[PDB]
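The next block holds one structure in the form of structure tokens; read it before the comments.
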RNA sequence: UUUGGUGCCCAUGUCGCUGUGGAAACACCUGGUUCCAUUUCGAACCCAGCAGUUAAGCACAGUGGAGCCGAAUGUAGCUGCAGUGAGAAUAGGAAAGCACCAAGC
RNA sequence: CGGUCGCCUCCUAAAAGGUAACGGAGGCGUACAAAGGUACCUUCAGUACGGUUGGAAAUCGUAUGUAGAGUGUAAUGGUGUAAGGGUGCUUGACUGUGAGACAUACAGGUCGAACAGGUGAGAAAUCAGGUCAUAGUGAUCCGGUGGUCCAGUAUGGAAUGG
RNA sequence: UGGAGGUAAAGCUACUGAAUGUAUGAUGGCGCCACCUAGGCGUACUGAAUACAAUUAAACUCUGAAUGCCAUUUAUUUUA
Ligand SMILES: [Mg+2]
Ligand SMILES: [Mg+2]
Ligand SMILES: [Mg+2]
Ligand SMILES: [Mg+2]
Ligand SMILES: [Mg+2]
Ligand SMILES: [Zn+2]
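Residue numbers (the deposited numbering), protein chains in the order written: chain n, 1 to 64, 69 to 116; chain l, 1 to 136; chain d, 3 to 177; chain u, 17 to 102; chain z, 2 to 51.
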């Protein structure tokens with residue numbers, strides 16, 4: 001019935017609804033999007049609905069064990085001195101590639 | 001006798017007819033219709049008398065459409081009883097008729113015969129009747 | 003495997019039969035389900051275990067039993083009391099358990115002459131009913147005190163039923 | 017003489033809890049005040065407002081209070097609190 | 002009325018701390034939870050008391 | 001500027017019908033041996049690979065079919081016979097719109 | 001004589017809130033160790049075509065539909081990716097408190113940010129002080145039961161009280 | 001000046017009950033023949049479902065005012 005992508009968008013809507021209702025501090029949310037070919041990340045600063053930084057395989061990288073999209077975004081955010089975020093798995097599951105991204109993000113000066 | 005087969009709530013609020021005929025303003029099925037110039041309550045018995053008058057004088061050629069219907073019930077406390085201590089049982093059903101509702105209407109029979117049929121009808125109803133014709 | 007014959011010939015065959023020029027506009031057979039409807043478990047005749055075991059025997063899929071989603075007082079089945087059983091088998095199992103019917107089972111039926119003239123849904127599905135499970139080879143004579151049949155379906159990835167005709171004809175089914 | 021009646025069977029009712037709106041627009045409120053009392057969410061909690069398990073709309077920070085329209089046919093009502101120029 | 006309530010007491014110090022409700026007619030088992038005990042200052046197993 | 005992602009908006013955003021395109025991307029797809037998983041199953045979740053695909057999803061052009069929206073006049077109610085003004089009905093609109101980010105431009 | 005005597009929901013109740021009558025309809029004197037709390041996944045009933053036992057109606061797959069389904073229960077309100085259905089883990093169905101409000105004659109009732117202790121779920125943010133909300137209950141006195149960094153009619157205890 | 005609301009009014013293929021007609025006519029009942037069961041024939045009638053036209057409602061609502069209300073702005077007044 002569903003198209004495996006509208007369904008993922010729906011799970012993401014669920015997650016963003018919980019976040020937008022619960023986030024009492026102004027913590028910047030860290031959205032990760034998982035595609036069959038590779039992966040991308042962007043850090044939506046809510047309460048203004050603009051984007052602060054981003055990363056992807058298309059930073060001259062290969063096809064996503070590519071946790072490198074974690075070290076660079078960690079660097080970009082810590083240059084903005086926020087370092088207190090909340091993670092967002094899109095519609096994915098906190099496992100496999102997403103986990104390898106999140107752990108790399110944590111171990112370079114983030115707090116989430 | 002016209003009567004709803006079964007109603008939800010047996011004892012409702014009385015509906016004041018002091019208005020200008022929400023709905024049924026104009027004749028809609030026949031060439032001539034009977035209009036009211038003073039709103040009132042006409043029960044099922046009066047609708048029956050009017051219907052049988054129109055049918056008796058109509059002959060076996062034409063058609064009569066009744067527009068109103070005794071949707072609303074009505075109560076009547078039994079006699080020689082003090083007031084209070086409940087609400088009396090429902091007795092008779094009545095169709096609310098606002099001022100200017102085309103309630104009866106006839107078709108397919110000469111002009112003068114229809115006018116006479118309507119006059120023979122409106123003398124059973126309490127409402128001060130009037131004759132209207134279909135527009136075009 | 004029957005899948006071998008399909009991926010060897012059928013794609014080209016049905017690609018040329020209908021002017022498509024898209025290698026996978028050809029219909030693809032997607033899943034097969036098996037249901038029996040073990041309703042003789044009013045409360046507990048054998049509590050469905052015989053059905054589960056035999057359906058496990060016929061197919062490599064582990065059987066699963068469905069719970070009633072309704073309440074019926076006409077029988078002793080209301081708001082629970084799982085009845086029946088269900089297999090949804092695919093992969094190599096889908097292609098193989100299919101031919102294992104058509105090449106083993108249907109010649110062993112009481113009378114296998116013809117069907118499928120009117121059994122299509124009209125949206126690309128098909129069904130087969132069997133009146134007794136004793137006919138199939140993956141079973142011994144011993145069974146439940148009653149012998150029941152099967153309900154199997156063929157659902158493909160096309161909605162126009164004539165395409166299902168074409169696919170099942172290309173796969174040599176008894177029409 | 018007298019007459020026979022009785023058994024009304026409909027002389028009962030309940031206390032009317034005073035559910036409704038307590039802070040209209042424009043009001044300066046402090047955290048903890050209840051804005052709206054209701055049975056079921058006739059008003060949704062927006063931003064800087066919380067919902068107490070009595071489905072009670074109550075504030076969480078200082079600021080002006082605003083009602084708003086949203087929903088599939090612009091028929092649902094949100095309530096929210098805006099911080100001052102801090 | 003129906004006296005359906007019951008009382009939980011800690012086992013180490015045997016006070017009668019907690020109060021709750023349990024319907025005997027269905028689950029005859031004696032409740033054994035583990036909750037905060039003010040005397041013991043920690044989460045201790047509480048079991049039912051008459 | 002076009003493609004993809006996504007938040008805000010809640011149908012003038014839909015539902016559908018006819019065609020056009022897929023370098024980069026988005027999906028399909030190919031396998032399931034690994035982390036992980038099905039009330040059972042690599043359907044799905046999750047991995048690791050891009051031979052083939054514009055079929056389907058996605059986008060783009062046209063579509064006034066249903067659904068949706070709906071002006072003015074006039075009227076009903078109102079509140080001290082003038083201002084207030086709906087509902088229903090109608091002409092008619094309508095094939096969405098607002099931002100930020102990555103690419104080649 | 002009869003009926004009623006507290007509490008809960010709708011209408012009457014006149015588009016804030018309130019608002020009487022022997023006015024119109026109906027319910028309660030609870031239920032659940034999961035129907036609580038949390039993470040994760042999933043989202044109608046019905047109808048039509050198609051299928052052995054199998055029938056109007058069990059189940060099976062397919063589409064269609066925009067809620068007529070579900071929501072422990074009365075009615076109302078709210079809720080279709082939810083507050084509904086399934087699963088794993090637990091017991092926050094915590095202790096000590098409480099700024100600020102609601103509605104109130106008094107008594108009482110209701111909501112609750114935030115703080116300390118020590119926990120559960122979870123990668124984490126977060127959530128959790130009983131359930132989707134609204135009833136589900138009864139003062140004081142007297143006496144009993146369990147604990148005690150209280151007193152103990154001169155003193156030490158005890159009885160008796162707190 | 002902004003806002004909660006669901007009344008008056010209006011409306012009912014926008015649901016719930018009630019409910020008028022014309023067209024299509026199912027469910028059936030009167031007969032009716034075969035056949036002893038699976039069934040056919042036209043139905044003066046009850047009307048499933050739908051279309052078209054037209055209706056009613058304190059406990060009906062896709063819609064919906066004015067007055068009144070709450071708070072706030074500005075002017076003036078009162079120390080209640
Ligand atoms: Mg729950
Ligand atoms: Mg509950
Ligand atoms: Mg409850
Ligand atoms: Mg002494
Ligand atoms: Mg009215
Ligand atoms: Zn203890």
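Beta carbons are placed, not taken as given, at the ideal position from N, Cα and C, and that holds for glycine.
In chain order, what residues of the same chain have a beta carbon less than 7 Å from the beta carbon of residue i, not counting five sequence neighbours either side?
i, result
"residue 76 (chain u)", "47, 64, 65 and 66"
"residue 113 (chain n)", "78, 82 and 87"
"residue 21 (chain l)", "98, 99, 100 and 101"
"residue 32 (chain d)", "157, 158 and 159"
Using only CA atoms, which one of the options lies nearest to residue i?
i, options, result
"residue 91 (chain n)", "n:70, n:3, n:42 and n:71", "n:42"
"residue 158 (chain d)", "d:123, d:147, d:55 and d:20", "d:123"
"residue 8 (chain n)", "n:114, n:98, n:94 and n:105", "n:94"
"residue 72 (chain u)", "u:18, u:39, u:51 and u:21", "u:51"
"residue 31 (chain n)", "n:113, n:111, n:96 and n:112", "n:96"
"residue 27 (chain d)", "d:125, d:33 and d:17", "d:17"
"residue 24 (chain n)", "n:111, n:89, n:76 and n:2", "n:89"
"residue 24 (chain l)", "l:126, l:92 and l:65", "l:65"
"residue 111 (chain l)", "l:100, l:31 and l:47", "l:31"
"residue 24 (chain u)", "l:108, l:113 and l:87", "l:87"
"residue 81 (chain u)", "u:27, u:35 and u:39", "u:39"
"residue 103 (chain l)", "l:82, l:12, l:5 and l:27", "l:27"
"residue 84 (chain u)", "u:78, u:74 and u:97", "u:97"
"residue 20 (chain z)", "z:9, z:42 and z:29", "z:9"
"residue 134 (chain d)", "d:126, d:153 and d:177", "d:153"
"residue 46 (chain n)", "n:101, n:74, n:34 and n:21", "n:21"
Give the range of the beta strand (DSSP E) segment to which residue i is assigned.
i, result
"residue 105 (chain l)", "104 to 107"
"residue 118 (chain l)", "Premise fails: residue 118 (chain l) lies in the alpha helix (DSSP H), 111 to 122, not in any beta strand (DSSP E)."
"residue 40 (chain l)", "40 to 43"
"residue 91 (chain u)", "No beta strand (DSSP E) holds residue 91 (chain u); DSSP gives it neither H nor E."
"residue 95 (chain n)", "Segment: none, residue 95 (chain n) is in no beta strand (DSSP E) and carries neither H nor E."
"residue 24 (chain l)", "Note, residue 24 (chain l): premise wrong, no beta strand (DSSP E); not H, not E."
"residue 135 (chain l)", "Segment: none, residue 135 (chain l) is in no beta strand (DSSP E) and carries neither H nor E."
"residue 6 (chain z)", "6 to 11"
How far does the alpha helix (DSSP H) with residue i in it extend, from its first residue to its last?
i, result
"residue 21 (chain n)", "6 to 22"
"residue 85 (chain u)", "Here residue 85 (chain u) belongs to no alpha helix (DSSP H); instead the beta strand (DSSP E) covers 79 to 86."
"residue 107 (chain n)", "101 to 110"
"residue 47 (chain z)", "Note, residue 47 (chain z): premise wrong, no alpha helix (DSSP H); beta strand (DSSP E) at 43 to 50."
"residue 55 (chain d)", "51 to 60"
"residue 15 (chain d)", "13 to 19"
"residue 62 (chain n)", "Segment: none, residue 62 (chain n) is in no alpha helix (DSSP H) and carries neither H nor E."
"residue 43 (chain d)", "Per DSSP, residue 43 (chain d) belongs to no alpha helix (DSSP H) and is neither H nor E."
"residue 80 (chain n)", "72 to 82"
"residue 4 (chain d)", "4 to 7"
Who are the near neighbours of residue i in its chain, counting only those whose CB is closer than 6 Å to its CB and skipping five residues on each side?
i, result
"residue 61 (chain d)", "89, 91 and 99"
"residue 71 (chain n)", "104, 105 and 108"
"residue 129 (chain l)", "34 and 122"
Can you list, in chain order, the residues of its chain whose CB lies under 8 Å from that of residue i, leaving out five sequence neighbours each side?
i, result
"residue 174 (chain d)", "104"
"residue 168 (chain d)", "16, 19, 20 and 29"
*When Cβ atoms are compared, which residues of the segment 76 to 109 of chain l fall closer than 7 Å to chain u?*
80, 81, 82, 85 and 86
*Ignoring anything shorter than 3 residues or poking outside the segment 76 to 163 of chain d, list the beta strand (DSSP E) runs there in chain order.*
The segment 76 to 163 of chain d contains these whole beta strand (DSSP E) runs: 85 to 91, 127 to 132 and 152 to 158.
*What residues in the segment 18 to 45 of chain u bring their beta carbon closer than 9 Å to a beta carbon of chain l?*
18, 19, 20, 21, 22, 23, 24, 25 and 26
*Which runs of the beta strand (DSSP E) fall wholly inside the segment 24 to 57 of chain n and span at least 3 residues, in chain order?*
Counting only runs of 3 or more residues that sit fully inside the segment 24 to 57 of chain n, the beta strand (DSSP E) segments are 28 to 34, 39 to 45 and 50 to 56, in chain order.
*Note down, one range per segment and in chain order, each beta strand (DSSP E) of at least 3 residues found wholly within the segment 36 to 95 of chain l.*
40 to 43 and 63 to 66
_Give the list of continuous beta strand (DSSP E) stretches no shorter than 3 residues that lie fully inside the segment 18 to 75 of chain u._
50 to 53, 59 to 61, 65 to 68 and 72 to 75
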